[PDB]
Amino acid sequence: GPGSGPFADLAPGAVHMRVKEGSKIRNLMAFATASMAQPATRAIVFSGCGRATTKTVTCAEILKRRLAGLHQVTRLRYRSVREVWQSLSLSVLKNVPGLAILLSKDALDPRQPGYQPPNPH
């Protein structure tokens, strides 16, 4: 509906987890680690914006500690937020910073923007 996900160009078969303010890390990570424990899952994406941007990064960082050897790409972006105003109705849009992070078991092009190699155990 909303198009293909982030990283459809690099890893279309990756599971995409949207991280929101309401999301619970230990629960979100439980699913992510279980997913990535399987051999059929080669990669995963975490994305979020605004009040969940920091949490999105934390989720990625936790998985890199639970599974060493993952290749990473981080992509920066903006996402819209609707504000209704009547102060000195009226729908007004503004951009909020965000990001999407790909983590994969398989090698990624190391020269592309946002690439980060696996950490040494």
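Residue positions are given as counts along the sequence shown, with the first one as 1.
The stretch of deposited sequence separating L88 from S89 contains 10 or more residues lacking coordinates in this entry.
Here the stretch with the larger average CA B-factor, out of 95-103 and 21-29, is 21-29. Annotation for 2-10 versus 110-118: the higher mean temperature factor (C-alpha) is found in 2-10. When the C-alpha B-factors of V73, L70, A37, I62 are ranked from the entry, the top spot goes to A37.
Ranked within its chain, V57 lands in the lowest third, by CA B factor from the PDB record.
In the deposited entry, the Cα temperature factor of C49 sits in the bottom third of values across the chain's modelled residues. Among the modelled residues of its chain, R77 has a C-alpha B-factor that falls in the lowest third, as given in the PDB entry.
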